[PDB]
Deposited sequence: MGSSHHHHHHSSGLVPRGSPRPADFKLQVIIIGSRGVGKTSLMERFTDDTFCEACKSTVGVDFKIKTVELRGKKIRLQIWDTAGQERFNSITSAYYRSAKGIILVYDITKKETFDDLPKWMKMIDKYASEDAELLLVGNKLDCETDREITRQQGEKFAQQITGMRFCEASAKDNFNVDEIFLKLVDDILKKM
């Protein structure tokens, strides 16, 4: 049996790869889906519930409920679509309103495989995360399976440390 059950949520604007990231890592209720994954991490069995939320603003009200329960939040943008990076303050406002104060946060620049179409630099993503105390950052590619395990596993590691 599992040592821990944890909920994490994936948020961000539409088309950034939130569903692709969740499905690459793993395999009705309005505005949300979820996958369950049992991970082994530092000898601990963790039953992970990953909520995948709607991206459009009209769904903020529904999805807000799932923020409070989240022990970790993955906020995703698309490195090739600058407006998904420009939306991040809106997502940070959603976090301030609804997340737990103790929620762990991770910023992800997804679509690293599309490096030639890059609109946002790595420094931009790093500097954004750095402004938010405790927020981790990395770039990933759901398509190329780069940093996919790592965004979930690192976030889980951060969560477990702080309990």
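A.B. asks: Please give the gaps, as residue ranges numbered from 1 in the deposited sequence, where no C-alpha is present.
C.D. replies: Several stretches lack coordinates - namely 1-21, 49-56, in sequence order.
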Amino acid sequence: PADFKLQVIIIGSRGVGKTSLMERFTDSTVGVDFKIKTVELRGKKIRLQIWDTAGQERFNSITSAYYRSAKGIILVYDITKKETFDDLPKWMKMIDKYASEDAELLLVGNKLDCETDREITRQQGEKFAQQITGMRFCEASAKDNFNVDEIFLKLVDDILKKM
From here on, numbers count along this sequence of modelled residues.
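A.B. asks: Taking the C-alpha B-factors as the PDB entry records them, is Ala70 in the lowest, middle or highest third of its chain?
C.D. replies: It belongs to the middle third of the chain when residues are ordered by C-alpha B-factor.
A.B. asks: Among the chain's modelled residues, which third holds the C-alpha B-factor of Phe34?
C.D. replies: According to the entry, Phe34 has a C-alpha B-factor in the chain's highest third.
A.B. asks: Using the B-factors in the PDB entry, rank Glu104's C-alpha atom against the chain and give the third, lowest, middle or highest.
C.D. replies: Middle third - that is where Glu104 ends up once the chain's C-alpha B-factors are sorted.
A.B. asks: Looking at the temperature factor on the CA atom of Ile159, which third of the chain's modelled residues does it land in?
C.D. replies: For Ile159, whose C-alpha B-factor we compare with every modelled residue in the chain, the answer is the middle third.
A.B. asks: Would you mind ranking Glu126 by its C-alpha B-factor against the rest of the chain and naming the third, lowest, middle or highest?
C.D. replies: As the PDB entry reports it, the C-alpha B-factor of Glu126 lands in the lowest third of its chain.
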